[PDB]
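Listed here are the chains, written in short residue letters.
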Amino acid sequence: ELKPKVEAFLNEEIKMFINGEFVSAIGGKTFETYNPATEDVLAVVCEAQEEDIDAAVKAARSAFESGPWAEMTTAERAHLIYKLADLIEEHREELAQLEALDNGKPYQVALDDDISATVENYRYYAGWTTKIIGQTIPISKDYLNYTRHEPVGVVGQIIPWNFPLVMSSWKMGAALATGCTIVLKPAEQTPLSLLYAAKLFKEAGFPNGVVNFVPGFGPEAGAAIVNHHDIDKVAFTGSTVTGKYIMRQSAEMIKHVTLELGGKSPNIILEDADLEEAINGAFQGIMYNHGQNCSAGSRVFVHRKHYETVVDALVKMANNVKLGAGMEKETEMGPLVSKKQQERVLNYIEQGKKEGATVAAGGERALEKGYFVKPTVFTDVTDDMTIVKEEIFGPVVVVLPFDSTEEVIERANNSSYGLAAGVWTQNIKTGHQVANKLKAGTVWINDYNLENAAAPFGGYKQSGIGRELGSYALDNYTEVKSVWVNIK
Amino acid sequence: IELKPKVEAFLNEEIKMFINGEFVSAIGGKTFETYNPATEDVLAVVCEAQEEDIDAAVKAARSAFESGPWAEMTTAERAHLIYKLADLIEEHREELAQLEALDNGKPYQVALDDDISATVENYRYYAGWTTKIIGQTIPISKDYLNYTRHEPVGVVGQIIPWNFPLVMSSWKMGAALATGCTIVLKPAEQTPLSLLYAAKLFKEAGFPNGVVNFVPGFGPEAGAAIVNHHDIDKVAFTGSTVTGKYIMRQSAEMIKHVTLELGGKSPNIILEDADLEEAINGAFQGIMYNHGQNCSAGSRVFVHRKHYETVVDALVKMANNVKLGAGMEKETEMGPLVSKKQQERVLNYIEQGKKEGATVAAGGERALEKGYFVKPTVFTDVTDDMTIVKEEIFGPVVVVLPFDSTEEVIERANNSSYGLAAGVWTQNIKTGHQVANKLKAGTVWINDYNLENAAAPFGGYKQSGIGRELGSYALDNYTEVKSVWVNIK
Amino acid sequence: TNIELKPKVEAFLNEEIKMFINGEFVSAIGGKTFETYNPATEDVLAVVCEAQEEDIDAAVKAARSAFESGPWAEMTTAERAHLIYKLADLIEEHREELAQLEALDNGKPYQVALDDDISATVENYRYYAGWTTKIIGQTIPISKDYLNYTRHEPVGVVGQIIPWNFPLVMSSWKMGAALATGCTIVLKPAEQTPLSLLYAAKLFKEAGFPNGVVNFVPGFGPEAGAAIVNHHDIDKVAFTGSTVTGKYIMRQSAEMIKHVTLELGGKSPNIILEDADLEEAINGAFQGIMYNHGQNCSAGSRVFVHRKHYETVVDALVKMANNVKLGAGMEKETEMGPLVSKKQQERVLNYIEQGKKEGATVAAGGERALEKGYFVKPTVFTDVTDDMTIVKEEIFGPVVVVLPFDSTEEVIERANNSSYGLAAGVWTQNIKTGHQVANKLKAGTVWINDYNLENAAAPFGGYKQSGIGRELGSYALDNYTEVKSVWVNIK
Amino acid sequence: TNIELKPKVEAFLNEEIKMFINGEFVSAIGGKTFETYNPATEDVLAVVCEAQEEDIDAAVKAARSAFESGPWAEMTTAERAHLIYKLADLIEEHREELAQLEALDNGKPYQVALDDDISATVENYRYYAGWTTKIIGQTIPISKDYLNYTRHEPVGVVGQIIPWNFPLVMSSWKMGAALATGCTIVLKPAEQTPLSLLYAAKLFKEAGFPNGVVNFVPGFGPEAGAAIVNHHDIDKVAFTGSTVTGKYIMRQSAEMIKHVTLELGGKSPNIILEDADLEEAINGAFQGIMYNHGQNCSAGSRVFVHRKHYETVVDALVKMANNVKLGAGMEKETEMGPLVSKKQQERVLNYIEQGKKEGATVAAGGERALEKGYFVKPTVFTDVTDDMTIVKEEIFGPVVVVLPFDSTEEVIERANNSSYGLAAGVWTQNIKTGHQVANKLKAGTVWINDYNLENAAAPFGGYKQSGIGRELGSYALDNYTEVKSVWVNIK
Ligand SMILES: NC(=O)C1=CN([C@@H]2O[C@H](COP(=O)(O)OP(=O)(O)OC[C@H]3O[C@@H](n4cnc5c(N)ncnc54)[C@H](OP(=O)(O)O)[C@@H]3O)[C@@H](O)[C@H]2O)C=CC1
Ligand code: NA
Ligand code: NA
Ligand code: NA
Ligand code: NA
Ligand code: NA
Ligand code: NA
Ligand code: NA
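Residues numbered from 1 in each chain as written, not as in the entry; some residues may be left out. Chains lettered and ligands numbered in written order. Heavy atoms only, no water.

1. Details of the overall build of chain B
- Along chain B, the regular secondary structure elements total 16 helices and 20 strands.
- Against the 2.2 N^0.38 benchmark of 23 Å for 489 residues, chain B shows a C-alpha radius of gyration of 23 Å, consistent with a compact globule.
- Restricting the contact set of chain B to residue pairs at least 6 apart, pairs at least 24 apart contribute 73%.
- For chain B, the exposed surface amounts to about 15800 Å²; the carbon and sulfur share of it is 47%.
- Charge centroids of chain B, computed over 46 positive and 65 negative side chains, lie 4 Å from each other. (Helix = DSSP H or I, 4+ residues; strand = E, 2+ residues; numbered from the N terminus. Rg over C-alpha atoms; globule rule 2.2 N^0.38 Å. Contact = heavy atoms within 4.5 Å. Areas by Shrake-Rupley, 256 points an atom, 1.4 Å probe, with all protein chains shown as cover. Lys, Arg positive; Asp, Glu negative; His and termini not counted. Charge placed at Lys NZ, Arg CZ, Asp CG, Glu CD.)

What follows is the structure in structure tokens.
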């Protein structure tokens with residue numbers, strides 16, 4: 001049941017946020033975001049067009065070059081971010097509702113995970129503002145040599161629909177900590193939590209233009225950000241094919257890019273694993289957020305000695321999953337985010353059936369309505385298949401037996417992807433050895449799907465370029481200047 | 001200057017490629033010619049890497065990265081190999097400086113004192129990094145050990161231009177090799193000699209087979225095969241902004257990390273309170289160093305109105321007094337440009353200048369009987385939207401602009417797609433740092449110009465580059481950060 | 001015209017001031033109390049519980065327990081960070097109260113306490129709260145056979161002793177860094193200035209610090225102080241004060257092989273070169289020594305002036321000194337309050353007498369001021385030589401010596417010819433001179449065309465006998481940690 | 001079977017061993033000399049000039065001048081890096097000669113001196129040579145009004161005292177770091193082991209070090225030693241040795257507010273858990289203590305064993321103990337040499353006697369060995385309790401105590417119940433337990449499924465009474481630096 005501030009918010013046209021003001025599109029167009037558990041329209045939103053992206057970029061450029069954002073001390077900047085975090089925490093329940101409704105995930109996990117992490121991320125990054133240090137370099141008695149880590153300037157950010165608010169925080173936390181200004185676009189299907197959070201940027205005291213939110217569609221608002229001549233740097237998270245596109249376009253202006261694409265991450269259960277823990281880790285690893293997770297462990301490699309114990313257990317778990325609307329207290333898994341996604345993963349499940357794999361559970365849709373799909377366990381698979389090699393992005397897992405550690409490493413690494421990996425073993429040497437050999441940005445030994453503001457994440461190979469979170473994200477938003485002072 | 005015996009021996013034969021630790025000819029036998037730009041005579045004939053050879057280099061590098069000594073070796077051991085390489089280059093210093101003078105055209109004494117000495121210092125610097133490329137331990141929670149590993153990216157493909165051939169090979173390889181990567185490297189068709197000579201030293205220093213692979217040839221074939229290679233993990237390139245676009249565009253298809261150092265049109269600013277004597281020398285050397293074939297050349301000298309007339313006079317005199325000649329002639333101060341193609345390209349820029357109405361206060365035409373030479377040139381009476389004021393010429397051509405206020409010169413300096421470097425001349429402590437902070441450029445020299453060192457990073461803002469070379473910074477380009485979480489609950 | 005007492009201050013002062021141990025406000029085990037005075041009036045400001053050895057022992061046991069188990073030991077770094085953040089928010093909420101206490105107890109002007117001290121306190125906790133999640137060790141690539149990593153672990157129970165010149169802010173320098181690393185604390189404010197800290201204690205409780213993570217033990221140097229210094233179970237010591245007392249602390253710490261951090265005095269030089277911007281340099285020179293009544297480690301107590309400008313600077317510092325409005329801290333027109341105590345006033349008056357005895361000239365001030373309170377007139381000495389006591393020794397009063405010089409090489413040699421090396425300032429418009437002279441001065445901090453600037457992010461401390469180690473900045477964290485190097489065989 | 005002397009070693013020993021001060025080899029000012037012995041034969045190995053207080057003064061003046069002016073003060077970081085690298089190349093070229101001196105002078109087996117000590121020396125200089133160009137300070141973004149930056153300056157003239165157990169390699173730990181930062185050195189080798197260092201001195205001269213940058217003063221603790229510790233012009237001190245002497249060094253340093261780095265003893269525990277890999281763990285336990293004849297600060301002198309495995313490990317260590325081939329270092333079959341001196345033999349035999357007196361069982365060894373030279377049989381004590389003197393104190397001989405335990409919580413408590421805290425080893429195949437137990441042990445270094453691993457890149461040092469500070473790694477550089485924070489007003 002709706003919180004009064006959520007009811008109030010949804011009782012009207014959702015404005016975009018530009019130069020510190022809530023505004024309609026210049027051309028006046030609007031679009032609809034739906035509630036995926038019911039298919040009804042949830043809200044009507046102002047539709048950012050190229051001309052609006054261009055007003056936003058002008059606002060961001062002004063805030064970066066002159067005014068309080070440019071003049072502020074690092075402590076002052078830090079306090080703004082810290083105050084933002086406090087405000088988000090205060091509106092925690094309203095934001096969790098907005099995510100549960102717009103995105104579809106269960107309210108309680110949006111609150112406990114998503115919202116909670118957004119808060120922590122902004123607090124972490126506030127801490128960095130006064131610590132982005134450069135170097136003094138002893139080279140010669142004749143010169144003072146030093147580097148300055150300057151903000152890159154105006155940055156364009158594109159956010160997908162699977163962790164809407166949290167992902168906005170990854171991107172913004174680091175960029176704002178360096179002193180940049182932002183032009184950010186949420187996904188067409190999940191613009192609500194961010195647009196609601198814009199009230200909190202204004203209230204925390206952000207100067208006008210520091211952040212600008214332009215909801216809209218990829219090919220118009222999206223592309224306007226990527227192709228914009230006055231945007232200094234771009235960051236994107238999405239499909240590998242759209243990633244290729246952003247990079248291609250960014251080339252035209254020798255523009256730095258940061259991308260986090262998808263994956264087909266392996267979750268490995270070795271013979272000496274703690275089988276109880278590994279099975280729960282294997283199930284959560286794919287099923288968390290309905291499989292709508294870049295780093296989902298969509299390949300559970302299990303040691304031949306435990307294939308059957310595991311495959312059984314995952315089937316019983318997969319059946320037990322209570323599907324429902326996110327705003328229902330008993331819902332464990334919600335629906336996918338859109339009809340397009342629902343089709344897209346149903347078409348993977350069949351494409352896989354037509355390829356010869358068999359279904360130990362799921363493989364269809366769920367409930368009377370909503371963009372739902374049953375949690376699905378595939379069995380009898382081969383490394384060359386479509387469903388083994390490609391990111392499905394639904395709650396579908398392929399389980400593969402193996403007979404040697406050297407084999408599982410080779411097969412785990414035989415992929416164009418390399419976002420993440422899990423390794424379950426109790427042996428100290430094996431766990432480090434294997435994690436060392438896996439070609440992925442993040443490896444969890446005896447766990448899976450753990451993220452924190454302080455630990456970087458991202459892909460090797462076609463899973464991305466660069467890293468998000470940690471100190472590391474900060475380098476994406478900086479231009480290093482080397483100053484030499486002749487003191488001969 | 002007389003040829004060294006080891007140079008003579010080297011040029012007395014077909015110049016071979018280096019792949020998998022062996023000197024070899026192109027698989028299909030093709031060869032090409034490199035010239036002596038001061039004479040136009042062929043200097044040597046070289047084996048010509050084709051796509052298939054790049055394929056062989058890449059497989060050798062893949063194998064040396066995945067298994068064998070370079071993969072097993074301690075950081076100390078890798079470091080010592082790199083240190084032994086530097087000692088060897090130092091030993092062959094005179095031979096290498098000769099090759100560079102003959103093949104590139106620059107004067108022998110500066111190749112020795114500058115290029116070859118910097119190459120040695122860069123490898124020594126980077127050897128020191130092997131044992132210090134540290135990751136982090138991150139305290140987050142009592143229930144986990146969190147740590148990062150900075151792993152070498154793998155096989156890296158590198159393309160270097162022709163203006164600082166040996167040194168630029170060192171910028172690239174120093175950092176890559178320090179992280180544990182393996183290299184497929186392509187020198188410019190115009191200047192493959194110093195690199196291919198130096199290959200001997202990689203072998204003798206004890207590099208294992210395939211750790212480094214040198215494939216000379218042409219951009220459209222050898223270059224493209226590197227850029228497009230499915231098994232090359234990361235690429236680095238130095239050159240024109242236009243080819244840079246190409247490289248990044250191509251790298252997109254594989255989600256491949258890029259490092260680029262492109263051109264510039266760097267401002268060199270003389271403020272009113274500058275030590276005008278030192279400023280004049282810095283202005284002149286900032287453009288004329290290496291015949292202007294320098295990314296960071298101070299190609300736009302901005303001069304406070306009060307001093308404009310005075311420094312234009314001096315740069316004109318200095319221009320007209322430089323001794324043009326063959327690099328291997330001891331009286332030479334400036335050699336020719338690198339190729340007929342560059343000589344015409346630059347000449348074309350000067351014509352466009354005159355035609356756009358700028359004045360030629362000095363130079364403006366070719367020099368001597370043969371060779372790709374161009375007279376030092378000073379353009380005057382110029383304006384911000386002129387082709388010559390805005391575009392990288394890459395020859396010994398300067399454009400001199402007067403200005404009236406500091407806010408003005410900052411704005412006009414920054415009004416460019418480029419942002420590689422800048423010079424600021426002032427004796428005031430506040431003005432010098434204030435102006436340096438406001439310039440959009442990777443490197444600013446206060447009361448100096450054109451200084452590089454292994455320890456200080458270099459690169460561009462805007463369309464002058466992505467990423468940095470030199471210093472600790474370069475290392476981040478050759479690494480993949482891995483975050484490991486160990487549940488200890 | 002009086003600044004009106006804050007109701008919460010009045011309430012605080014209306015009762016015995018308790019100490020803080022294991023999360024509770026308590027009296028001393030033996031019931032002793034001591035008096036703290038208002039140095040402007042000489043009246044008693046409050047009666048405060050006096051910590052004895054037995055009380056330090058109780059605080060150390062509490063701290064030990066909070067470090068070894070309990071929430072502080074189990075909390076994530078984010079959670080520890082949030083505690084620090086909220087404590088800085090509470091400090092800010094009580095900004096006026098805490099500034100009135102500084103003014104009343106220490107003597108300094110209220111507006112300065114507010115704008116400087118309290119605000120710096122707040123920022124210092126905010127800064128350090130940011131470091132909690134960022135205190136990182138290394139992964140070291142050595143060999144394929146081993147995973148090599150280091151951990152920067154909190155050293156443990158830390159003993160901290162704070163002087164009286166910047167009471168609250170000094171407590172924050174000490175505690176912010178240490179708390180950021182996960183340490184637990186036993187801290188002693190100065191006998192003369194225990195109030196601001198004991199009031200602050202309400203705020204540590206309110207923010208939610210677990211029991212015993214911080215422990216405040218007011219009292220005397222020889223009983224409470226020495227008990228901290230000499231305690232078998234305090235893992236590390238931090239101190240700021242006199243160079244003589246510093247020696248004692250290090251000598252005692254030798255017996256347990258205990259890491260020590262110390263910030264001691266100085267005789268910092270403030271150098272005006274020929275090409276200085278004279279108007280800015282005169283103001284810097286005057287504030288450099290007069291700020292906080294000269295009760296400042298880094299005070300530019302030696303003003304070196306290039307021969308050309310010497311007389312011009314002397315005349316200006318004389319006029320400025322004579323124009324200072326002295327008065328109580330809690331009075332709005334006050335620009336410079338009294339010295340912290342009778343003993344300190346007597347100490348500086350003696351130094352002035354020595355200066356006169358030794359042949360120096362009192363160009364201005366040089367005696368006590370007003371009817372009541374520990375006041376001393378801002379003082380300017382001329383006709384001094386390098387071998388004089390007043391030029392070599394820390395006075396810790398609003399007293400300055402002015403010295404002319406003829407060359408840069410000379411001033412650098414004279415500035416460095418001292419046992420001290422806390423700070424220096426250099427005034428010159430020339431880019432090369434600025435940096436060259438900063439490079440040559442043996443001081444932990446050098447201000448070029450400024451003076452007395454401090455920030456949470458920038459380290460502070462002494463060369464030579466001005467100290468060991470640094471406070472503030474990232475640097476201050478390493479004094480609070482032990483480095484553990486872990487080798488994991490992965491062969 | 002004797003290892004044949006190298007011509008150069010024979011030529012060196014053929015004469016009086018000179019000291020090295022201001023780039024030249026010279027006699028003591030007062031003509032005094034002392035004898036260093038060969039601990040396997042008890043014969044005099046060489047006569048060496050004995051540095052007095054007057055000699056140390058000469059060395060300090062030389063180092064001071066080298067630090068303040070001349071080539072070392074003007075060299076670029078690359079140039080100073082090159083000197084370090086060349087020195088390492090020279091050490092490598094004389095590897096056999098240096099390993100022979102170590103064996104002869106210290107008594108350790110030649111092959112070990114070679115493969116270990118002398119190769120670690122080389123690598124240690126190569127490592128620190130690489131740091132020369134990378135000792136960076138910070139640019140700190142604080143305000144648009146200022147450029148804030150720090151400089152990590154060399155502290156200056158550093159006094160270094162090194163013991164006799166790893167002569168040459170210890171000199172390298174200390175000088176590598178301190179030389180990388182740009183400091184100058186006054187170093188003293190142990191009375192008993194001056195040869196390898198004085199021989200090495202030729203290499204510093206040959207590598208091209210400027211006059212005075214390194215100065216070697218061999219002699220005695222209470223004369224040459226104390227004079228370093230007490231010199232007014234030495235800016236920092238570093239010492240390795242006994243707790244008791246460490247206390248003295250820190251007490252003396254207090255007088256000048258001088259930074260101290262100390263590595264003292266330990267009683268390190270080597271823990272074998274129930275799921276350990278027993279074969280690996282037994283070898284590691286045995287080597288953990290027997291390496292270098294037990295003359296090792298980090299020696300696993302307390303072998304803790306899980307009850308299940310206690311008797312198996314005891315029998316195994318008894319058998320290995322009695323199988324070691326004792327002999328001269330210069331004899332090819334030698335596995336363990338003598339102790340360094342009659343005095344050290346008398347001390348360890350004393351300890352063994354006390355062990356027997358307090359009720360412990362000598363399961364093996366426990367007496368002297370051979371007919372001449374300072375040998376002691378590898379010894380294994382059982383039937384031991386935590387409060388015995390041999391369990392608590394550092395023996396510094398090839399003596400070990402074996403103790404069973406029944407829970408992991410118990411062994412952490414017993415291992416940590418010590419004033420020492422140098423190192424620990426943990427043997428277990430479980431990923432969780434390894435890290436957990438490593439995290440809870442209070443030791444500077446923890447090896448998981450190994451023991452006695454050292455590397456230039458990894459820090460080493462003690463918690464508690466085992467020391468202050470760290471050596472090796474990037475960390476060791478901080479000990480040789482003074483941090484200067486520069487503020488440039490750019491308003
Ligand atoms: N900042 C700098 O240091 C440099 C800037 N430039 C800029 O470029 C201008 C023209 O010179 P130009 O050499 O034509 O510039 P390009 O950018 O085309 O070439 C730069 C280098 O890249 C190689 N190359 C060319 N095409 C490809 C390709 N498709 N794939 C991979 N590699 C390729 C060339 O090899 P090859 O020589 O074999 O053809 C050359 O060594 C110069 O006047 C200057 O403005 C050029 C060089 C360096
Ligand atoms: Na929606
Ligand atoms: Na990639
Ligand atoms: Na050529
Ligand atoms: Na008081
Ligand atoms: Na000191
Ligand atoms: Na001896
Ligand atoms: Na200690």
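2. Quick notes on helix α4 (residues 74–90) of chain A
- Taking 1.5 Å of rise per residue, the 17 residues of α4 of chain A would be expected to cover 24 Å, and the 25 Å separating its terminal C-alpha atoms lies within 8% of that figure.
- Where α4 of chain A is concerned, the buried positions are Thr 74, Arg 77, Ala 78, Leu 80, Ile 81, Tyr 82, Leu 84, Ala 85, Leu 87 and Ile 88 of chain A.
- In the core, the buried residues of α4 of chain A are packed alongside α3 (68–71), α5 (92–102), α6 (107–128), α7 (164–178) and α8 (192–204) of chain A together with α4 (77–93) of chain C. (Expected span 1.5 Å × (residues − 1). Buried < 20%, exposed > 50% of the residue type's maximum accessible area, 1.4 Å probe, protein only.)

3. Observations concerning the coordination of the sodium ion (ligand 2)
Residue and element names in this part refer to chain A.
- In the first shell of the sodium ion (ligand 2), the protein supplies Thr 33 (OG1), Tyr 34 (O), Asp 102 (O), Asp 102 (OD) and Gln 189 (O), at 2.2 to 2.9 Å from the metal.
- Between consecutive donor residues of the sodium ion (ligand 2), the sequence gaps follow T-Y-x67-D-x86-Q. Taken together, the positions of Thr 33 in strand β3 (residues 30–34) and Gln 189 in the loop between β8 (181–185) and α8 put the pair 156 residues apart, joining distant regions of the chain. In this pair, the class of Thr 33 matches that of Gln 189, namely buried. (Donors = N, O, S within 2.8 Å, 3.2 Å for Na, K, Ca; no water.)

4. Focus on the site of ligand 1
Residue and element names in this part refer to chain B.
- Close to ligand 1 lie 29 residues; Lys 186, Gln 190, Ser 240, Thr 243 and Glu 392 are nearest.
- One nitrogen or oxygen atom from the side chain of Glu 189 is found 2.8 Å from an oxygen atom belonging to ligand 1.
- Here ligand 1, which alone exposes 860 Å², has 90% of that area covered by the protein.
- In terms of residue count, helix α9 (residues 219–228) provides more of the shell around ligand 1 than any other element does, three residues in total.
- Built from parts of two domains, the shell around ligand 1 gets at least three residues from each of domain 1 (1–263 + 454–489) and domain 2 (264–453). (Near = heavy atom within 4 Å. Polar contact = N/O pair within 3.5 Å; in protein donor to acceptor, adjacent residues only side chain to side chain. Domains from an automatic or database assignment.)

5. What about the domain arrangement of chain B?
Residues and elements named next belong to chain B.
- Taken as a whole, chain B is organised into domain 1 (1–263 + 454–489) and domain 2 (264–453).
- Between the C-alpha centres of domain 1 and domain 2 there is a distance of 30 Å.
- The partner domain 2 presents 41 residues to the 41 residues of domain 1 that form the contact.
- Here domain 1 and domain 2 share an interface that buries about 3200 Å² over both sides, 58% of which is from carbon and sulfur atoms.
- For domain 1, the biggest contributors to the area lost against domain 2 are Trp 162, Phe 458 and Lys 462; these three give 19% of the whole.
- Linking domain 1 with domain 2 are zero salt bridges.
- Elements with a contribution of two residues or more to the side of domain 1 that touches domain 2: α5 (93–104) and α6 (108–127). (Buried area = accessible area lost by both parts, 1.4 Å probe. Salt bridge = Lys/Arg side-chain N within 4 Å of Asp/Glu carboxyl O.)

6. Section: the coordination of the sodium ion (ligand 8)
- For the sodium ion (ligand 8), the protein coordination sphere consists of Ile 257 of chain C (O), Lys 464 of chain D (O) and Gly 467 of chain D (O), at 2.3 to 2.7 Å. Of the two residues, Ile 257 of chain C is situated in the loop between α10 (243–253) and β11 (259–263) and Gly 467 of chain D in strand β19 (residues 467–468); the pairing between them involves two chains. There is no split in this pair, since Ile 257 of chain C and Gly 467 of chain D are both buried.

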